[PDB]
Amino acid sequence: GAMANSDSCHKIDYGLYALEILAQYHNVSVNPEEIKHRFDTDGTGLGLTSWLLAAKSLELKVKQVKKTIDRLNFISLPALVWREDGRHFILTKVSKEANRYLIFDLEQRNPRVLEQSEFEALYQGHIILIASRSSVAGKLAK
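Mapping to PDB author numbering: the sequence shown position 75 is 70, numbers consecutive.
Following this line, the structure appears as structure tokens:
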């Protein structure tokens, strides 16, 4: 709206959200308001590079790299599968035995288990690996 009350609808951003989840997953601070203020200055969502820097600014380690689904089982989970369409999601586990993939839906704020055909249909090859000074292993949910 525009009447000195809302100005601009807080259009949710899966990217920023994922950052929050990952930031919170690592127990690292994250101010989406400030994040968007620093990286989403455009107000159109956190960019790949802007998002990566968003996590770094939080004293949180992150790095986008082109990996293969077969590698996601060895990458730093939970990992963030960057989606050029903005419909990203956080990979937390992969059931190669069943070809399924456990991801965190940034829309519903809940985990989900996709099928290879599904994950493959969504995966692009570029994933963002996150790490924290205190958590540089990823496997926090032993």
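By construction, the Cβ of each residue, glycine as well, lies at the ideal position given by its N, Cα and C atoms.
- prompt: Does DSSP classify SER130 as helix, strand or coil?
  reply: coil
message: Let's test the definition: count the other Cβ atoms within 10 Å of the Cβ of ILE7 and tell me whether it reaches 16, buried, or not, exposed.
response: exposed
Cβ-based neighbour list, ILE70, same chain, cut-off 7 Å, excluding 5 preceding and 5 following: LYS62, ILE122, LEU124
query: Pairing CB atoms from the stretch 94 to 110 with CB atoms from the stretch 50 to 59, are three or more of them under 8 Å?
result: no
field: Limits of the unbroken beta strand (DSSP E) element including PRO27
entry: Careful: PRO27 lies outside any beta strand (DSSP E), inside the alpha helix (DSSP H) at 27 to 33.
- request: Scan the stretch 50 to 113 and note each continuous alpha helix (DSSP H) run of 4 residues or more that stays entirely inside, going in chain order.
  value: 64 to 67
- request: Keeping to the same chain, check which residues put their C-beta closer than 7 Å to that of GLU79; ignore five residues upstream and five downstream.
  value: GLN119
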